[PDB]
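Visitor: Data: structure_35.csv, CSV, C-alpha atoms and all ligand atoms.
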```
chain,number,residue,atom,x,y,z
M,1,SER,CA,49.2,29.3,-35.6
M,2,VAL,CA,52.7,28.1,-34.8
M,3,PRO,CA,53.7,25.9,-31.7
M,4,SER,CA,56.4,27.3,-29.6
M,5,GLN,CA,59.8,25.6,-29.8
M,6,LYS,CA,61.4,27.5,-26.8
M,7,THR,CA,63.4,25.2,-24.6
M,8,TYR,CA,61.9,25.3,-21.1
M,9,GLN,CA,63.1,23.0,-18.3
M,10,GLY,CA,60.3,24.1,-16.0
M,11,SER,CA,59.8,23.2,-12.3
M,12,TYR,CA,60.8,19.6,-12.8
M,13,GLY,CA,64.0,20.1,-14.8
M,14,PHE,CA,62.7,18.4,-17.9
M,15,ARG,CA,65.1,17.7,-20.8
M,16,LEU,CA,65.8,15.1,-23.4
M,17,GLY,CA,68.7,12.7,-23.8
M,18,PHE,CA,70.0,10.6,-26.7
M,19,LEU,CA,72.1,7.4,-27.0
M,20,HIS,CA,75.5,7.4,-28.6
M,21,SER,CA,75.0,5.3,-31.7
M,22,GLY,CA,77.9,6.4,-33.9
M,23,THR,CA,77.9,7.0,-37.7
M,24,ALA,CA,78.6,3.5,-39.1
M,25,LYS,CA,76.9,2.8,-42.5
M,26,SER,CA,74.7,0.3,-40.8
M,27,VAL,CA,73.3,2.6,-38.0
M,28,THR,CA,69.5,3.1,-38.1
M,29,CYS,CA,69.2,6.1,-35.8
M,30,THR,CA,71.9,8.5,-34.7
M,31,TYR,CA,71.9,11.8,-32.9
M,32,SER,CA,74.2,14.8,-33.5
M,33,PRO,CA,74.7,17.0,-30.5
M,34,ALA,CA,76.6,19.6,-32.6
M,35,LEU,CA,73.6,19.9,-34.9
M,36,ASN,CA,70.9,19.1,-32.3
M,37,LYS,CA,69.6,16.8,-35.0
M,38,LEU,CA,68.4,13.2,-35.1
M,39,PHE,CA,69.0,11.1,-38.3
M,40,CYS,CA,66.9,8.0,-38.7
M,41,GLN,CA,65.7,5.5,-41.2
M,42,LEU,CA,62.0,5.2,-42.1
M,43,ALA,CA,59.9,3.5,-39.5
M,44,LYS,CA,62.8,2.4,-37.3
M,45,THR,CA,63.0,2.7,-33.5
M,46,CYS,CA,64.2,6.1,-32.3
M,47,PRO,CA,65.0,6.0,-28.5
M,48,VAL,CA,64.5,9.3,-26.8
M,49,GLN,CA,65.4,9.6,-23.1
M,50,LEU,CA,63.3,11.8,-20.8
M,51,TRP,CA,65.2,13.2,-17.8
M,52,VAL,CA,63.8,15.2,-14.8
M,53,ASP,CA,65.3,16.5,-11.6
M,54,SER,CA,62.1,15.7,-9.6
M,55,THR,CA,59.0,13.6,-10.1
M,56,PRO,CA,56.1,15.4,-11.8
M,57,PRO,CA,52.5,14.8,-10.5
M,58,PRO,CA,50.4,11.7,-11.4
M,59,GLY,CA,48.7,12.4,-14.7
M,60,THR,CA,51.6,14.3,-16.3
M,61,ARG,CA,52.0,13.4,-20.0
M,62,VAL,CA,54.7,13.7,-22.7
M,63,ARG,CA,53.6,14.9,-26.2
M,64,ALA,CA,55.5,14.8,-29.5
M,65,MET,CA,54.7,17.1,-32.5
M,66,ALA,CA,56.5,17.9,-35.7
M,67,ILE,CA,56.7,21.3,-37.3
M,68,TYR,CA,58.6,22.6,-40.3
M,69,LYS,CA,61.9,24.3,-39.3
M,70,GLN,CA,61.9,27.0,-41.9
M,71,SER,CA,59.8,30.0,-41.0
M,72,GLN,CA,58.2,30.2,-44.4
M,73,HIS,CA,56.7,26.7,-43.9
M,74,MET,CA,56.0,26.8,-40.2
M,75,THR,CA,52.2,27.3,-40.6
M,76,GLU,CA,51.9,24.2,-42.7
M,77,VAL,CA,50.9,21.0,-40.9
M,78,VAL,CA,53.5,18.3,-41.1
M,79,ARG,CA,51.8,15.1,-42.3
M,80,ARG,CA,52.7,11.9,-44.2
M,81,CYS,CA,52.9,12.2,-48.0
M,82,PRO,CA,50.2,11.1,-50.4
M,83,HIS,CA,51.9,7.7,-50.8
M,84,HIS,CA,52.6,6.8,-47.2
M,85,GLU,CA,49.3,7.9,-45.9
M,86,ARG,CA,47.7,5.2,-48.1
M,87,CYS,CA,50.0,2.3,-47.4
M,88,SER,CA,48.8,-0.6,-45.3
M,89,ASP,CA,51.2,0.0,-42.4
M,90,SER,CA,48.8,0.9,-39.6
M,91,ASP,CA,49.6,-0.4,-36.1
M,92,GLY,CA,46.0,-0.3,-35.1
M,93,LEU,CA,46.3,2.9,-33.1
M,94,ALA,CA,48.2,5.6,-35.1
M,95,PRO,CA,46.0,7.3,-37.8
M,96,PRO,CA,47.6,6.8,-41.2
M,97,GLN,CA,48.3,10.5,-41.7
M,98,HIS,CA,50.5,10.9,-38.6
M,99,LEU,CA,54.3,11.2,-39.2
M,100,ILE,CA,55.3,10.4,-35.6
M,101,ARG,CA,54.2,7.2,-33.9
M,102,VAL,CA,55.1,5.8,-30.4
M,103,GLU,CA,56.2,2.2,-30.5
M,104,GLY,CA,55.2,-0.4,-27.9
M,105,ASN,CA,52.9,1.7,-25.7
M,106,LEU,CA,49.2,0.8,-25.6
M,107,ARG,CA,48.5,4.0,-23.7
M,108,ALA,CA,49.6,6.3,-26.5
M,109,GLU,CA,47.0,8.6,-27.7
M,110,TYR,CA,46.9,10.4,-31.1
M,111,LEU,CA,45.4,13.8,-31.5
M,112,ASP,CA,44.2,15.7,-34.6
M,113,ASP,CA,43.8,19.2,-33.2
M,114,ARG,CA,40.3,20.4,-33.9
M,115,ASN,CA,41.5,24.0,-34.3
M,116,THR,CA,45.1,23.9,-35.7
M,117,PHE,CA,44.7,20.5,-37.5
M,118,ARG,CA,48.2,19.5,-36.2
M,119,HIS,CA,49.0,16.0,-35.3
M,120,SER,CA,50.6,14.8,-32.1
M,121,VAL,CA,51.1,11.7,-30.0
M,122,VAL,CA,51.0,11.7,-26.2
M,123,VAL,CA,51.8,9.1,-23.6
M,124,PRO,CA,51.5,9.1,-19.8
M,125,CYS,CA,54.6,9.7,-17.7
M,126,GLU,CA,55.8,6.5,-16.1
M,127,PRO,CA,58.7,6.3,-13.6
M,128,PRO,CA,61.9,4.5,-14.7
M,129,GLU,CA,62.3,0.8,-14.2
M,130,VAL,CA,64.1,-0.1,-11.0
M,131,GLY,CA,67.8,0.4,-11.7
M,132,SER,CA,67.4,3.0,-14.4
M,133,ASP,CA,67.6,6.8,-14.0
M,134,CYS,CA,65.5,7.9,-17.0
M,135,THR,CA,62.5,6.8,-19.0
M,136,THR,CA,62.8,6.1,-22.8
M,137,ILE,CA,60.1,6.6,-25.4
M,138,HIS,CA,60.5,4.8,-28.7
M,139,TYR,CA,59.4,6.9,-31.6
M,140,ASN,CA,59.0,6.0,-35.3
M,141,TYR,CA,59.0,8.5,-38.2
M,142,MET,CA,56.7,7.2,-41.0
M,143,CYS,CA,57.8,9.3,-44.0
M,144,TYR,CA,61.2,10.2,-45.5
M,145,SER,CA,62.3,13.9,-45.4
M,146,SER,CA,62.4,13.7,-49.2
M,147,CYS,CA,58.9,12.3,-49.8
M,148,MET,CA,57.2,14.2,-52.6
M,149,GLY,CA,53.9,15.9,-51.7
M,150,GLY,CA,54.8,15.6,-48.0
M,151,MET,CA,57.9,16.9,-46.3
M,152,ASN,CA,59.4,17.4,-49.8
M,153,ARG,CA,63.0,17.8,-48.5
M,154,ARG,CA,62.0,20.5,-46.0
M,155,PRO,CA,63.7,20.0,-42.5
M,156,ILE,CA,61.4,19.4,-39.5
M,157,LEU,CA,61.7,19.8,-35.8
M,158,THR,CA,60.2,17.5,-33.2
M,159,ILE,CA,58.9,19.4,-30.2
M,160,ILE,CA,58.6,17.3,-27.0
M,161,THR,CA,56.4,18.8,-24.3
M,162,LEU,CA,55.8,17.8,-20.7
M,163,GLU,CA,52.1,18.6,-19.9
M,164,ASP,CA,49.8,18.4,-16.9
M,165,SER,CA,46.6,16.5,-17.0
M,166,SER,CA,44.7,19.4,-18.6
M,167,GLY,CA,47.4,19.9,-21.3
M,168,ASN,CA,49.1,22.9,-19.7
M,169,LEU,CA,52.8,23.3,-20.4
M,170,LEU,CA,55.3,22.1,-17.8
M,171,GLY,CA,58.4,21.7,-19.9
M,172,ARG,CA,59.6,21.7,-23.5
M,173,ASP,CA,62.6,20.5,-25.5
M,174,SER,CA,63.1,20.0,-29.3
M,175,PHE,CA,65.4,18.6,-31.9
M,176,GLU,CA,65.7,18.6,-35.7
M,177,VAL,CA,65.0,15.4,-37.6
M,178,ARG,CA,66.1,14.0,-41.0
M,179,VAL,CA,64.5,10.7,-42.0
M,180,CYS,CA,66.8,9.2,-44.6
M,181,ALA,CA,68.2,6.0,-46.0
M,182,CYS,CA,71.7,6.4,-44.6
M,183,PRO,CA,71.6,8.4,-41.3
M,184,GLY,CA,75.3,7.6,-40.5
M,185,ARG,CA,76.5,9.0,-43.8
M,186,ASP,CA,74.2,12.0,-43.6
M,187,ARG,CA,75.2,12.9,-40.0
M,188,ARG,CA,78.9,12.8,-41.0
M,189,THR,CA,78.2,15.0,-44.1
M,190,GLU,CA,76.3,17.6,-42.2
M,191,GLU,CA,78.8,17.7,-39.3
M,192,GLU,CA,81.6,18.1,-41.8
M,193,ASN,CA,79.6,21.0,-43.5
M,194,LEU,CA,79.2,22.6,-40.0
M,195,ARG,CA,82.9,22.3,-39.3
M,196,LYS,CA,83.7,24.1,-42.5
W,201,LIG,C1,66.1,12.1,-9.0
W,201,LIG,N1,64.7,11.8,-9.2
W,201,LIG,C2,64.5,10.3,-8.9
W,201,LIG,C3,63.0,10.0,-9.0
W,201,LIG,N2,62.4,10.4,-10.3
W,201,LIG,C4,61.7,9.5,-11.0
W,201,LIG,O1,61.5,8.3,-10.6
W,201,LIG,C5,61.1,9.8,-12.3
W,201,LIG,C6,59.7,9.8,-12.4
W,201,LIG,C7,59.0,10.1,-13.6
W,201,LIG,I1,56.9,10.1,-13.5
W,201,LIG,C8,59.8,10.3,-14.7
W,201,LIG,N3,59.3,10.7,-16.0
W,201,LIG,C9,59.3,11.9,-16.5
W,201,LIG,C10,58.7,11.9,-17.8
W,201,LIG,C11,58.4,10.6,-18.0
W,201,LIG,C12,58.7,9.8,-16.9
W,201,LIG,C13,61.2,10.3,-14.6
W,201,LIG,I2,62.5,10.6,-16.4
W,201,LIG,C14,61.9,10.0,-13.4
W,201,LIG,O2,63.2,9.9,-13.3
W,201,LIG,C15,62.7,11.8,-10.6
W,201,LIG,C16,64.1,12.2,-10.5
W,202,ZN,ZN,56.2,9.5,-47.5
```
Using the file provided, produce a representation of the structure as structure tokens.
Guide:
Amino acid sequence: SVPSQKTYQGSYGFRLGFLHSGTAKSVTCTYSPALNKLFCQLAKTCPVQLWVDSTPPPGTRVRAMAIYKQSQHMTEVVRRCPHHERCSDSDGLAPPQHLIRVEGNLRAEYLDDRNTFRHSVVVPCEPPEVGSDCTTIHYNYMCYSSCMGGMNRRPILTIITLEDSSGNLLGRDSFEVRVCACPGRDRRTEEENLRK
């Protein structure tokens, strides 16, 4: 009743990568390697790189799912709060309850698991554009970490899985996420707290 978060490169050497966006007050998405934590504003583009050592088979897919980080909340489905699930912000593909969306990919599919009720969004693997060495998926997080009746200040993890055409596991990586108004300030604060 809890998805695994164990990092697993698998046969294709799968792992994530993040840009270096800095901590200026204006930054909208910034990743802390020291915390393995992405800080982002509500509904803003979060570029996540996908890296492999070798090409996975045709029909391989990449799925994203959120879980609560704290063990005492891990069995609770992460969903949008009672306010945001009712706001008129649909993109025509993502169900209004889903926290994580993929931006700019008409082949994205959204799953409400019939057994666990967890939400996820999955896209087909596509090779990098000519001249690039990795593929980037653009995610959006559709609720603040602080939203009452939803995440309610509880930290979450995003689990990214590489899957075969039947959904079997080929690779896994993960990162913590805080969705907040000032990601640059919050990253600096939490990195300072860690250094102390
Ligand atoms: C050194 N080799 C050069 C040739 N490779 C690719 O073109 C490649 C193919 C795929 I499909 C993907 N891909 C994985 C998940 C989503 C897209 C990626 I990231 C790639 O780098 C593999 C690595
Ligand atoms: Zn919300």
Visitor: Compile the contact shell of residue 181 (chain M) as an MDAnalysis selection string: residues with an atom at most 12 Å away, counting all atoms listed in the file, same-chain residues fewer than 5 positions apart removed.
Guide: chainID M and resid 25:29 39:44 143:147 186:187
Visitor: Tell me, in Å to one decimal, how far CA of residue 52 (chain M) is from CA of residue 36 (chain M).
Guide: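 Going from CA of residue 52 (chain M) over to CA of residue 36 (chain M), I get 19.3 Å.
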Visitor: Write out as an NGL selection string each polymer residue (protein, DNA or RNA) that has an atom no more than 8 Å from ligand LIG 201 (chain W), with all atoms listed in the file counted.
Guide: :M and (14 or 49-58 or 60-62 or 124-128 or 133-136 or 162)
Visitor: Counting all atoms listed in the file, name the residues that have an atom within 10 Å of an atom of ligand ZN 202 (chain W); the answer should be given as a list in words.
Guide: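 Sorted by chain and then by number, the residues are residues 42, 79, 80, 81, 82, 83, 84, 85, 86, 87, 97, 99, 141, 142, 143, 144, 145, 146, 147, 148, 149, 150, 151 and 152 of chain M.
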Visitor: To one decimal in Å, tell me the separation between CA of residue 11 (chain M) and CA of residue 138 (chain M).
Guide: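 According to the coordinates, CA of residue 11 (chain M) and CA of residue 138 (chain M) are separated by 24.7 Å.
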Visitor: Calculated over all atoms listed in the file, which of the candidates M:177, M:156, M:24, M:194 has the smallest distance to residue 77 (chain M)?
Guide: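 Once distances to residue 77 (chain M) are computed over all atoms listed in the file, the minimum belongs to M:156.
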Visitor: When you look at residue 191 (chain M) with a cut-off of 8 Å (counting all atoms listed in the file), what residues show up, excluding the ones that are within fewer than 3 positions of it in the same chain? I need them as JSON, numbers by chain.
Guide: {"M": [32, 34, 35, 187, 188, 194, 195]}
Visitor: What does the file look like for those residues with C-alpha atoms, as a PDB file, in the frame of the given file?
Guide:
```pdb
ATOM      1  CA  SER M  32      74.200  14.800 -33.500  1.00  0.00           C
ATOM      2  CA  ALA M  34      76.600  19.600 -32.600  1.00  0.00           C
ATOM      3  CA  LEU M  35      73.600  19.900 -34.900  1.00  0.00           C
ATOM      4  CA  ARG M 187      75.200  12.900 -40.000  1.00  0.00           C
ATOM      5  CA  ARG M 188      78.900  12.800 -41.000  1.00  0.00           C
ATOM      6  CA  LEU M 194      79.200  22.600 -40.000  1.00  0.00           C
ATOM      7  CA  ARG M 195      82.900  22.300 -39.300  1.00  0.00           C
TER       8      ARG M 195
END
```
Visitor: CA of residue 189 (chain M) to CA of residue 46 (chain M): how many Å, to one decimal?
Guide: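 CA of residue 46 (chain M) lies 20.4 Å from CA of residue 189 (chain M).
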Visitor: Tell me which of M:8, M:196, M:69, M:175 sits closest to residue 31 (chain M), counting all atoms listed in the file.
Guide: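 Residue with the minimum atom-to-atom distance to residue 31 (chain M): M:175.
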Visitor: Which residue is closest to residue 1 (chain M)? Choose from M:30, M:23, M:115, M:168 and count only C-alpha atoms.
Guide: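 Selected residue with least distance to residue 1 (chain M): M:115.
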Visitor: Have a look at M:171, M:104, M:184, M:33 and name the one nearest to residue 10 (chain M); count all atoms listed in the file.
Guide: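 Under the stated criterion, the closest residue is M:171.
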Visitor: Please identify all polymer residues lying at most 7 Å from the point (59.4, 17.4, -31.7) (file coordinates), using only C-alpha atoms, and present the result as JSON, numbers by chain.
Guide: {"M": [64, 65, 66, 157, 158, 159, 160, 174, 175]}
Visitor: Return the single residue from M:100, M:130, M:78, M:123 that is closest to residue 165 (chain M), with distances computed using only C-alpha atoms.
Guide: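 For residue 165 (chain M), the nearest of the candidates is M:123.
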